[PDB]
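A single chain, nothing else alongside it, follows as structure tokens in the form deposited in one PDB entry.
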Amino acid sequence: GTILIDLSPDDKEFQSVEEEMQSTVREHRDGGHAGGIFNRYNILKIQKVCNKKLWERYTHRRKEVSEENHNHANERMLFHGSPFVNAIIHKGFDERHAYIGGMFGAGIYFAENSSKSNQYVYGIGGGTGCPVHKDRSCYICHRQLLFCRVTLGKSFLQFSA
């Protein structure tokens, strides 16, 4: 039940999503090992993901969380990079999309920095890079990221050493 609608680059919605992507690039402590060496992206396409069943699943949970947290869902827009992007857009996020060995336990991870999520597009630590050239810093191959609506509710704050 998922359809993808292309946004025009003239659409204000395309432009605000592109700005969030570009403006949250940073340098990484691995010198580019996982995600590649870059300061900006070439955005090729932005598509809206439309699935009524998955949206209703989200809003059902959002209301449950809101009611447990003084009517505050604490909703954010965050990036997610994954080799499972095709499964996610068709079937939703679930346990198969969790980072089992993550710093904060086995859950589904999201980032404010688009470049952080870019490190996971080809797998944990960038895996072996792009399927065609085996290059984690491939400048040719097309990559995909999700920009996701995420309900945080009451969030446990972990300081990172």
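Each form is matched to the other, and the largest set of C-alpha atoms that superpose within 1.5 Å is called the rigid core. From 1 onward, residues are counted along the sequence shown.
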Ranked by mean Cα B-factor in the entry, 91-99 and 111-119, top stretch is 91-99
Comparing 62-70 with 126-134, where is the mean C-alpha B-factor higher? 126-134
Return the residue from 25, 141, 17, 152 that has the highest Cα B-factor in the entry. 141
In terms of the CA temperature factor given in the entry, to which third of its chain does residue 35 belong: lowest, middle or highest? lowest
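Beyond the structure shown, there is the form deposited in another entry, which is absent from this document and is the topic of what follows.
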Superpose on the core and compare between the shown form and the other one; which one of 46, 49, 98, 65 crosses the 2 Å Cα shift mark? 98
